[PDB]
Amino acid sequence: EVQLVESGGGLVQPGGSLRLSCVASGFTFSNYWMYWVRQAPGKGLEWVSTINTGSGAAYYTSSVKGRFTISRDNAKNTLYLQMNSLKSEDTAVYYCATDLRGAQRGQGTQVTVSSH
């Protein structure tokens, strides 16, 4: 029923920029608290950012505030996550989820930060 498909991950240098997309379907995406979560190497799922697609209120975890920017396209049913000035600690599999813990997430996209 509910489907979440992430994309846009890749390999970047420290300080590089990426933009992840997530197409959502099977529920009311245009008025929903949508989340971005990540799973660092050898770590558990942790939340990154959240936004209410109805109002637009966006909130970020402390380690990414000021560097990441979440947005949405309700006409496209797409969730975005603009990542700037990427660090090594940002290396993780990134999921879009319907909850903070990432229980209902997608397959995820890989973001690996290594100096070239």
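Residue numbers here begin at 1 and follow the sequence given.
Per the PDB record, residue ranking by Cα B-factor puts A103 in the highest third of the chain. Among the modelled residues of its chain, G26 has a C-alpha B-factor that falls in the highest third according to the deposited record. Sort the modelled residues of the chain by CA B factor and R38 lands in the lowest third. Among all modelled residues in its chain, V111 ranks in the lowest third by Cα B-factor.
When the modelled residues of the chain are ordered by C-alpha B-factor, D73 sits in the middle third.
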